[PDB]
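Quick note on numbering: the sequence shown equals residues 6 to 141 in the authors' numbering.
We put the beta carbon where it would ideally sit given N, CA and C, even for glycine.
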Amino acid sequence: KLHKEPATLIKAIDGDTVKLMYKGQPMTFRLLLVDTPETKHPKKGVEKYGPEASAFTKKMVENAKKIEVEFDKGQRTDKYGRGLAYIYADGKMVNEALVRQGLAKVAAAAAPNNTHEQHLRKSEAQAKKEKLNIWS
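Below is the structure:
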């Protein structure tokens with residue numbers, strides 16, 4: 006079963022990436038299962054809803070009392086050394102919150118790291134039906 010663990014906010018980097026202090030070590034965390042419009046995108050730079058997604062993630066982790074990271078069942082870091090996790094701000098999952106607002110799409114999931122895929126797909130479908138942001 007997945008378990009939440011405490012972390013401390015260091016700095017929000019992008020809509021899909023945040024730097025946190027995890028077990029005494031600063032680390033960059035990539036939000037599992039979501040693709041947000043980038044502002045720091047390698048080949049494109051700033052995409053249409055990127056500053057908005059970026060602002061959303063920043064505000065959410067910045068105003069939280071408690072930040073927790075929840076690793077999935079597969080690998081815990083990607084090839085760039087970033088932690089792969091579901092991040093919670095005062096119990097609310099940031100990954101889901103972005104998708105629910107139409108500020109992120111659900112990424113192509115890779116088992117074993119796909120536990121909350123269906124939950125996220127449900128939020129995306131609602132965001133689509135509401136024509137929010139990305140779906141406007």
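Starting from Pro31, follow the alpha helix (DSSP H) in both directions and report where the run begins and ends. Note, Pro31: premise wrong, no alpha helix (DSSP H); beta strand (DSSP E) at 30-36.
Hey, is the segment 89-99 in contact with the segment 45-54, meaning 3+ C-beta pairs nearer than 8 Å? no
Alpha carbon to alpha carbon, what distance is there between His121 and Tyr27? 22 Å
Smallest Cα separation from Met65: which of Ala94, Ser141, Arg126, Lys84? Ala94
Quick one: what does DSSP say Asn119 is sitting in, helix, strand or coil? coil
Looking at the unbroken beta strand (DSSP E) that takes in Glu10, where does it start and where does it end? 9-17
For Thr13, count neighbouring C-beta atoms within 10 Å of its own C-beta (all shown protein chains included) and say buried if the count is 16 or more, exposed if not. exposed
Apart from the five residues on each side of it in sequence, which residues of its chain come closer than 8 Å, Cβ to Cβ, to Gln131? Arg105
Report buried or exposed for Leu7, applying the criterion of at least 16 other Cβ atoms within 10 angstroms of its Cβ. exposed
Take the Cβ of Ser128 as the centre, count every other Cβ of all protein chains shown within 10 Å, and call the residue buried at 16 or more, exposed below. With 16 or more other Cβ atoms within 10 Å, it is buried.
Reduced DSSP category for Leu125 - H, G, I as helix; E, B as strand; rest coil: Of the three classes helix, strand and coil, the one that applies to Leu125 here is helix, per DSSP.
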